[PDB]
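Protein chains in written order, with the numbering used here: chain G, 8 to 12; chain F, 151 to 474; chain E, 25 to 332. From the three backbone atoms N, C-alpha and C, an ideal C-beta is built for every residue, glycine too. Written below as structure tokens is the structure these notes are about.
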């Protein structure tokens, strides 16, 4: 999903 | 002609969420904050507090559990929970409006992860180089951003990762999301755009968290930059003390007063008067000599390296100014 | 305790009627080298030879053989008034002794100290001497003879070479540099035999300089070398300071910066407190304007510092 994970 | 770069420090505050985590970090080790530990303790405990405060000053979501609980959604709060993200939101909006492209540098690759989600949430086309990116892949990211008529607008990079001497002159604005302890790592990041090939005025925006740790970090790195520039300009002072005498120098020493020596049919100046003496005449000598001494010392001690340095063409002796 | 700074005074001296003849003879016997004829590889050796002879002439013509009146060679008044520096020295010492001062006399040439020895005998001045011929034991024995309380000695003759050996002569207060070393740090090391911790009086240094001759031009060249050494010293400090990692206090001041104000905050901080949501152009133009002001203010603070 999101890159910050 | 390459236009000198504009460098502007953007002093920024913190969101309420940042204040919470900033306090939470100081509270976890508040006895180290008060400086209560012995002078023997390692730098580790203080350095850890420093890095967590940098993570707090960059974005709260760098800490686990910070971002609001499940389900996790990319949203506007990804921007409005960090003081830099709010300033960046409008700064990028104004950068894109005037037809300018921007490189964005950061110290932490997990922050570029946050900026990646921001770029898609805002519709920005981009490239990214972490330093975990291979050699061939970061080549394509360079050329993609440099392509004539490129689609990309923002370039995400970590401060050190690019290498040396890469060319990103197609962009005109550089945004340092956070600074480096080494002022040369950041100046190398600015010069990715500010180098030969750039036609437009390069502007560098250095995000700084005011009234926090990043403000004092700024002054420590500013001194390091100033101290660096002082070593550099004296790099030729090593040779000047080392340098032996020229043929031009030796010739000038011998010729000094040589004509008056050849003219003197009797004796030279001081001895022409008497040559026996009156303590009035000796006290007149010492007073005149002390005057000439103070003039000589004050004349030279105010000089710098640019006045005492001998060019290499000095030893390229050709002819006499006027003959002897 | 208080150690009075040294008064460094160049005393410019002329040349005797005899000296001018030799200075001319030196210049005439190699007038082609003075003009500048020859290549640099071969004429620098020719010029360096002229330099030493002119320094020898500025010191005393008797350094040349056959200059002094023929055999037998006796110490009379002609030993003094045939050299400009000796005449100035002769009246300076007479004043120095009357004011209750003792003097260390340095020189580059040991053969000048030999001339100075016969002068001291001619005037009755008790002296000792370290010229680097002397062995370690002998040097020690002479230092002790000069510093002893109630000493009989008044003059101490040294070669500038033998100055920087760690000897202490604080019982003397006057230093006379008959001639100067091309490296100022060697002459400056000679001064600190008297001007070091232990001296109670004002150290006065007289630097003999043959005016309007080669010794005057060298004096300005030594000041260049002296200043460049200071800049290298200053560069070393800036070099070391740049290499220093943050101290534990440097780390502490960075963490504590604003820590009290953050603990004091309940809402938002700084910019986010001011407006802190979506920002108009007026909000951004106010930040960038105030920020650019602080950047000029910050750079100006450090751009006015430099190896001082």
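The beta carbon of residue 398 of chain F lies closer than 8 Å to those of 464, 465, 467 in the same chain, with the five residues before and after it left out. At least one CB of chain G lies nearer than 8 Å to the CB of residue 224 of chain F.
For residue 378 of chain F, at least one C-beta of chain E is nearer than 8 Å to its own C-beta. At a cut-off of 8 Å between C-beta atoms, residue 405 of chain F counts as an interface residue with respect to chain E.
Neighbours of residue 39 of chain E across chain F, judged by C-beta separation under 9 Å: 411, 414, 417, 418, 419, 420, 421. In the three-state reduction of the DSSP assignment, residue 160 of chain F falls in the strand class, which pools E and B.
Distance between residue 299 of chain F and residue 154 of chain F, taken at the CA atoms: about 25 Å. From the beta-carbon of residue 374 of chain F, the residues of chain E found nearer than 8 Å are 266. Cβ-Cβ distances below 8 Å link residue 256 of chain E to nothing in the same chain once the five nearest sequence neighbours on each side are left out. Rounded to whole angstroms, residue 240 of chain F and residue 302 of chain E show a C-alpha spacing of 8 Å. For residue 47 of chain E, the enclosing alpha helix (DSSP H) covers residues 41-52. Interface residue (Cβ-Cβ distance to chain G less than 8 Å): residue 211 of chain F is classified as such. Between residue 57 of chain E and residue 84 of chain E, the C-beta gap is not smaller than 8 Å, which leaves the two residues out of contact. Under the three-state reduction of DSSP output, residue 242 of chain F falls in the helix class. In this chain, residue 227 of chain E is not harboured by any alpha helix (DSSP H), its DSSP state being neither H nor E. Under the DSSP assignment, residue 182 of chain E falls in the beta strand (DSSP E) whose first and last residues are 179-183. The stretch 169-219 of chain E contains, as complete alpha helix (DSSP H) runs of 4+ residues, the segments 208-215 (chain order). About 5 Å separates the CB atoms of residue 37 of chain E and residue 112 of chain E; that is less than 8 Å, so the two are in contact.
Residue 304 of chain F places its beta carbon less than 8 Å from that of residue 269 of chain F. At least one CB atom of chain F sits nearer than 8 Å to the CB of residue 330 of chain E. Taking all protein chains in view, the Cβ of residue 32 of chain E is crowded by 16 or more other Cβ atoms within 10 Å, so the residue is classified as buried.
Bounds of the beta strand (DSSP E) holding residue 131 of chain E are 127-131. The three-state reading of DSSP puts residue 319 of chain E in helix, counting H, G and I together. Neighbours of residue 205 of chain F in chain E, taken as residues at a C-beta separation under 8 Å, are lacking, since the least C-beta distance is about 14 Å.
For residue 135 of chain E, the enclosing alpha helix (DSSP H) has its first and last residue at 134-147.
A distance below 8 Å separates the beta carbons of residue 474 of chain F and residue 59 of chain E. Going by DSSP, residue 278 of chain F is part of the beta strand (DSSP E) stretching over 276-279. Comparing alpha carbon positions, the residue from F:406, F:222, F:171 closest to residue 204 of chain F is F:171. Using a CB distance cut-off of 8 Å, residue 25 of chain E does not count as an interface residue toward chain F.
Residue 266 of chain F belongs to the set of residues whose beta carbon lies under 8 Å from a beta carbon in chain G. Taking C-beta atoms as the reference points, residue 261 of chain F and residue 212 of chain F count as a pair closer than 8 Å. The residue from F:311, F:295, F:325, F:294 with its alpha-carbon nearest to that of residue 284 of chain F is F:311. Put simply, the stretch 369-381 of chain F does not touch the stretch 347-358 of chain F. Fewer than three CB pairs are less than 8 Å apart. Sorting E:288, E:205, E:271, E:140 by C-alpha distance to the C-alpha of residue 149 of chain E places E:140 at the top. Residue 308 of chain E carries a helical assignment under DSSP once its states are collapsed to helix, strand and coil. Note on residue 218 of chain F: under 16 other CB atoms within 10 angstroms of its CB, so exposed under the neighbour-count rule.
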